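Remarks on the structure that follows.
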There are 2 protein chains.
Amino acid sequence: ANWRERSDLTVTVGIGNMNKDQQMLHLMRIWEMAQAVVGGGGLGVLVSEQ
Amino acid sequence: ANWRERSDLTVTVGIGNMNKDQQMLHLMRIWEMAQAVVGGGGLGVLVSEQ
């Protein structure tokens, strides 16, 4: 079809944090609290490997 | 054949981080998180030795 719809909220003011900000968020936040949760109680009950 | 196609994105502004950025990312991002995976899950829990 024509699909009649596009989203560009990954580029600019539409929040779209650029590659630098994306790397910043990933490294300091996502992986770090993932490690904290995993080392907290375990893996299976806590954050899944999936 | 002629192959009618080229691509050299690994050089410049198109993110293509130079050898410095790539080697530092491997030094303290790729190995650090890979070793965290090995310690937590192991070689075979996530992607294997390949």
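Starting from 1 in every chain, residues are counted up; chains themselves are A, B, ... following the order of the structure tokens, and ligands are numbered from 1 as listed.
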
All in-order C-alpha pairs, least squares, chain A moved onto chain B. Output the fitted coordinates as a JSON list (two decimals) with C-alpha atoms, in the first residue's frame, please.
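Below is the file that was written, selection_28.json:
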```
[["chain", "number", "residue", "atom", "x", "y", "z"],
["A", 1, "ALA", "CA", 30.19, -7.46, -13.01],
["A", 2, "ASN", "CA", 30.61, -3.75, -12.22],
["A", 3, "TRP", "CA", 28.66, -4.21, -8.95],
["A", 4, "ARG", "CA", 27.33, -0.66, -9.33],
["A", 5, "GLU", "CA", 27.41, 0.03, -5.59],
["A", 6, "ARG", "CA", 29.82, 1.03, -2.83],
["A", 7, "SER", "CA", 29.46, 2.06, 0.81],
["A", 8, "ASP", "CA", 31.96, 4.29, 2.62],
["A", 9, "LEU", "CA", 30.20, 4.64, 5.98],
["A", 10, "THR", "CA", 33.38, 3.51, 7.78],
["A", 11, "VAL", "CA", 35.48, 6.61, 7.00],
["A", 12, "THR", "CA", 33.90, 9.93, 7.85],
["A", 13, "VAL", "CA", 30.69, 11.79, 8.85],
["A", 14, "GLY", "CA", 28.79, 8.80, 7.50],
["A", 15, "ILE", "CA", 29.08, 7.51, 10.94],
["A", 16, "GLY", "CA", 32.40, 5.82, 10.20],
["A", 17, "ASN", "CA", 34.04, 6.07, 13.60],
["A", 18, "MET", "CA", 37.77, 6.11, 12.90],
["A", 19, "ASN", "CA", 40.35, 3.68, 14.26],
["A", 20, "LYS", "CA", 40.62, 5.56, 17.56],
["A", 21, "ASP", "CA", 36.86, 5.59, 18.17],
["A", 22, "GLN", "CA", 36.56, 2.00, 16.95],
["A", 23, "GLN", "CA", 39.19, 0.87, 19.46],
["A", 24, "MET", "CA", 37.47, 2.91, 22.17],
["A", 25, "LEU", "CA", 34.07, 1.34, 21.53],
["A", 26, "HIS", "CA", 35.46, -2.18, 21.22],
["A", 27, "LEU", "CA", 37.58, -2.09, 24.37],
["A", 28, "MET", "CA", 35.23, -0.38, 26.81],
["A", 29, "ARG", "CA", 31.88, -1.65, 25.52],
["A", 30, "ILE", "CA", 31.95, -4.84, 23.48],
["A", 31, "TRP", "CA", 34.53, -6.93, 25.32],
["A", 32, "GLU", "CA", 33.45, -5.61, 28.72],
["A", 33, "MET", "CA", 29.77, -6.50, 28.46],
["A", 34, "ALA", "CA", 30.81, -9.74, 26.76],
["A", 35, "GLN", "CA", 32.84, -10.57, 29.87],
["A", 36, "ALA", "CA", 29.99, -9.43, 32.13],
["A", 37, "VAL", "CA", 27.47, -11.64, 30.31],
["A", 38, "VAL", "CA", 29.83, -14.63, 30.22],
["A", 39, "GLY", "CA", 30.61, -14.35, 33.93],
["A", 40, "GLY", "CA", 26.96, -13.71, 34.72],
["A", 41, "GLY", "CA", 25.47, -17.14, 34.14],
["A", 42, "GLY", "CA", 27.85, -19.05, 31.88],
["A", 43, "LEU", "CA", 28.82, -19.44, 28.24],
["A", 44, "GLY", "CA", 26.60, -21.92, 26.39],
["A", 45, "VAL", "CA", 23.18, -20.46, 27.19],
["A", 46, "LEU", "CA", 24.64, -16.94, 27.19],
["A", 47, "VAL", "CA", 26.86, -15.38, 24.49],
["A", 48, "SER", "CA", 28.15, -18.11, 22.17],
["A", 49, "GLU", "CA", 31.84, -18.73, 21.56],
["A", 50, "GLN", "CA", 31.20, -18.37, 17.82]]
```

Residues flagged alpha helix (DSSP H) by DSSP in chain A, as number ranges by chain: A: 19-25, 31-41
